[PDB]
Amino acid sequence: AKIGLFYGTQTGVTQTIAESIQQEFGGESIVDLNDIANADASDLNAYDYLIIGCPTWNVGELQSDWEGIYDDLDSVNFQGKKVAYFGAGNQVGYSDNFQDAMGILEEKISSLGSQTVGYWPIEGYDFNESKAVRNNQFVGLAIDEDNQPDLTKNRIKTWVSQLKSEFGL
């Protein structure tokens, strides 16, 4: 497919979100779904458009599978690639580290020459700090199934609609 979606998940939430994103884009013919646990860093090179999904764990940490491939990311040349991000988190329980993983990954990948697309508004959430915020906007879609599951569906539909324009679809 033209879009490669790479996600990591601990309790399956991020995978379900990934599956809904693939669905909103039009299915397997448009988006390839890849679990980062089964991938090599070089797999990210095959796509000009990428969607990176990662839940924040252990108070501001990357999900373990993303943690394991993190240092390998340097071997991939992201110059020219457009990358979008999404993450699952808990704003009430982890108010000072809400969606940190998404921010850690965005900082890393953009420093490697990629272009970040898919900025999201922070107003629909209540948290103190997040490494995923730059100039009052989230660098990607923030999902909270723990406290705002009723908003997930429309958040995905709205974000994908916005992303289609960026990806030339």
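One rule holds for the numbers: they count along the sequence shown, beginning at 1.
Note on 22-30 vs 62-70: mean CA B-factor is higher in 62-70. In this entry, 36-44 has the higher mean Cα B-factor, the comparison being between 136-144 and 36-44. Per the deposited record, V76 carries the highest C-alpha B-factor of all listed residues (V92, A88, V83, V76). Annotation for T116: CA B-factor lies in the lowest third of the chain's modelled residues. Among the modelled residues of its chain, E129 has a C-alpha B-factor that falls in the highest third according to the deposited record. Per the deposited record, the Cα B-factor of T152 falls in the lowest third when ranked against the other modelled residues of its chain.
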